[PDB]
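Read the single chain below, which is given as structure tokens and is the form deposited without its partner chain.
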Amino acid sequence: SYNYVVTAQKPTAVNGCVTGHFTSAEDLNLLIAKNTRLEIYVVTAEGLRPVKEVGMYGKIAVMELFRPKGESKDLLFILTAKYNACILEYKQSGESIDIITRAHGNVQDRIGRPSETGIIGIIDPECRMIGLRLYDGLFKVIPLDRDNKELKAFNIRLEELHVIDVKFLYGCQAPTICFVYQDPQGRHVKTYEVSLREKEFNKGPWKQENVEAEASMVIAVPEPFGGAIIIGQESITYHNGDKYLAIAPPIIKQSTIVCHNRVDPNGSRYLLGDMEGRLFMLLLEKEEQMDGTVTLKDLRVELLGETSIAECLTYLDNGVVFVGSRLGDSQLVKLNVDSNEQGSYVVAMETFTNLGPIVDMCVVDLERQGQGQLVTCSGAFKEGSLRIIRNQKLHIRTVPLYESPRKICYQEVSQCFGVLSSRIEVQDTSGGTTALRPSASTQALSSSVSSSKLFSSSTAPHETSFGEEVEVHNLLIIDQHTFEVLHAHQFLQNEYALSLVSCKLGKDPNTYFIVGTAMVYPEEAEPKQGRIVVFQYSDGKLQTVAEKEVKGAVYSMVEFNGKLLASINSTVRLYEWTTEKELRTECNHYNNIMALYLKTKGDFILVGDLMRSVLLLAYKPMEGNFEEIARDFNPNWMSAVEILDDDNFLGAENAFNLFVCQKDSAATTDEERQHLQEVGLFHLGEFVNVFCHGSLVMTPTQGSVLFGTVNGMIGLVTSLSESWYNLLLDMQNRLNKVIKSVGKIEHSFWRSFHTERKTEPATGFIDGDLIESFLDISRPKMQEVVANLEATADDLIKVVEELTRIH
């Protein structure tokens, strides 16, 4: 099998943002990292002026700016998830603009397990070295000096194995690190000096101190203060060589502070964001001395307002703050001196679209022209919403829900979408549960609730704890034209909605919304009860038609030739819709794995679990039971699966990879007829949550599968012929010899299948983005690529422009 993978919408989720002087010394820049993309802007007081946007062959993990002594502008350091390090420089040749790789080199080790807190990348203030913390027990040091083009580094043994955060201190004669670590005694702050000549750790400027057992971040305060600030769940403490000051502000106890940014270059003010969108400012009050020295007088924290759930923050000129958000739209906010008539000092100025995370989606034709439009379940918590993507090229419309959407399906006969959603409520003294804010499930025109005395759990005393978050699930009906929340049906207490399907069954004319749920209780590890509720949308309200009680979680459901096929724990059960509007068990097939994923094409069904266990089944009419055709048990975390054709199955497995399994051609054998050979391997660099058959356009390529990712990237996979794959595979090796990669990262090393303890070259996949880049190069370069292998530059223009038409 041979496939062509191309990006339709680039990743929108922001994972990093920094400010500095990268393009010139006289311009203030704003650099934004969006997984594999880097955007460069110039702050001018009227907003952000786009200047340069590039793509890298790697998942940007670290991104920091620094200015060595001899440099006129700032240099940019980037480390990737595959440990590709590079020092970059912005170069403008009048009209042409180019990112230059001053230094580069892979910094991974042959041994060592990735650290628990992930990659930490810090640069010394006086640009003497780059410190990296990749594995537990080691601290990699890349010495910063002129002729170090290969980014050669050395490792220093670190005794403290469970380091949470680390930073380089300011105003120190020798490079000094300050970090928090956890040992069986608790958490502690410690300092260490780094001597490049010695290649070892010397004693730090101040002795080890104890911190809050929940201390999570370290902020090195620039001069005149020096020292460091340790932030935990309930305390903010300062520490330097001769002083310490601690505060326990009750205004921070509701949520954990997880991101910070410095406002004043001297460290007088610092913005702080939590997991729920609250934005705070920390003031380092100063008591100046007669000799110009400054001591820390007191610490004060004040809540400013509400922003989108912030991943990273960056102060820009005059009250303007950029809010990078992984879970919602990124923003440009204004920090007003006087509060508005609501009480917030923060006011939104601009909103930047963020599809990420895409949990589910579907393709639908609404204006009824022939062009399919994608409707995704995006965001989470207050950022949760629906996004309609149409074919600047892609037009996006947002429908805010203020709660987490989970599943989506389109009902043609009702002109409305069905969306499973969840809202967080908290127990109150009254004895019930109260919601944090109004949302789609609480603002519907009409609402309904489930009832079930017959579904009383035995081991559940229902003595729910006080002040505990409770997740309430609902099924929302949303109009396809106005997108208003028409109806909201709440499920039973402790009931978790998992699967959703809209279909007709048997001889019944009525299309129904069917939901597969699970009864989740804290005491029970695995659900022992579940429900398959059938719903009919009539008179702008949802009415239950049939309710079937099952002994397990209904992880997935699908329409199978007029019947309902559901997956309850390990069993794959088929049901028939009788003339009395009831579900009746037709047959059961017990599997040896958890039936999480369930797809069907024709008479065969694909079953999968979270550990990439793929088993094929076929419903035999004579037997009245299912039969295993083939199986592959290659243990690895699988996030999504899809049937490409009768003998090809596309999936997404751990370390942001795509794979295709093929059914053997039955070459006078039986043990290989039940074996699925892996023919496709590719490192996408995105975490796929959903595959979807369909297209957004009005046949050299066979088939069309769209997919949504955590970073909001939308991609497309299509099959190719034998002759078409070899020509495009030849053109990739040719384009890689000419195209200049930012950081000088080889395309073969970026797309090769990679896991923590395994790496193999990519097979059966064509990087469509690389092929489409051929058109975006100068005419003399276009001919350089097609030199020999007959095939002129002009001939390969309509070939690539034909592949462009697919998306």
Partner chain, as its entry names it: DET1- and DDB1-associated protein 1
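Positions refer to the first chain, counted from 1.
This protein has a second form, the form solved in complex with its partner chain, left out of what is shown; the following refers to that one.
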Tell me, which of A174, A246, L436, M349 has a heavy atom within 4.5 angstroms of its partner chain in the bound PDB entry?
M349
Which of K73, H487, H239, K140 has a heavy atom within 4.5 Å of its partner chain in the bound PDB entry?
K140
Candidate spot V263, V320 and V738, all three in 4.5 Å heavy atom range of its partner chain in the bound PDB entry?
yes
Just one stretch in 505-513, 289-297, 144-152, 699-707 has heavy atoms within 4.5 Å of its partner chain in the bound PDB entry, so which one is it?
144-152
Test of understanding: in the bound PDB entry, would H104 fall inside 4.5 Å of its partner chain by heavy atoms?
yes
4.5 angstroms heavy atom contact with its partner chain in the bound PDB entry for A791
no
May I ask you to check whether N336 falls inside a 4.5 Å heavy atom distance of its partner chain in the bound PDB entry?
yes
Whether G47 contacts its partner chain in the bound PDB entry should be assessed with a 4.5 Å heavy atom distance threshold; does it?
yes
Of the residues spanning 761-781, the ones with some heavy atom within 4.5 Å of its partner chain in the bound PDB entry are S773, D776, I777, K781
